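Enquirer: Heads up: the protein sequence lines correspond to chains F and A, in order. Residues 114 to 169 (PDB author numbering) make up the first sequence, in order. Residues 1 to 57 (PDB author numbering) make up the second sequence, in order. Beta carbons are placed, not taken as given, at the ideal position from N, Cα and C, and that holds for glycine. This is the structure I have questions about; it appears just below.
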Amino acid sequence: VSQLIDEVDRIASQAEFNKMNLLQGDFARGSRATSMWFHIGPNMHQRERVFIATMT
Amino acid sequence: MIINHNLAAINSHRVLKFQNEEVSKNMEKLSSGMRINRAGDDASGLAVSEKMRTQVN
């Protein structure tokens, strides 16, 4: 159990994208560190927010 | 009419030369099979692609 909880923490702290860690909770609901947005339109504030909760 | 300079010819040649540049760019894009061949096509895209290639390897 310890051995295969350690790698759960490993995925939590290492699941990454283009220089962004995802599952640490930086893009959670109450997260203050940063916010993730997708600009899905061709003019001004045509953006959207995506939430990824903590998975540690 | 003025014969010392064929003004329509100059404009047509200009348009043709820029069209040739565009077609050469498209031909190189076709030949390589890659959208970003040289730098300046999309600098951020090229940087992200290189980083993700390193990640993939």
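1. Buried or exposed: F:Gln159, going by 16 or more other Cβ atoms within 10 Å of its Cβ?
2. Are the region 8 to 24 of chain A and the region 130 to 146 of chain F touching by the rule of at least three beta carbon pairs closer than 8 Å?
3. Using a Cβ cut-off of 9 Å, which residues of the region 131 to 150 of chain F contact any Cβ in chain A, in chain order?
4. Tell me the residue span of the beta strand (DSSP E) that contains A:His13.
5. So which residues of chain F does A:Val48 contact, with C-beta pairs closer than 7 Å?
Expert: The structure says:
1. Here F:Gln159 is exposed. Its C-beta has fewer than 16 other C-beta atoms within 10 Å.
2. no
3. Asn131, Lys132
4. Careful: A:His13 lies outside any beta strand (DSSP E), inside the alpha helix (DSSP H) at 7 to 32.
5. Those are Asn131, listed as they occur along chain F.
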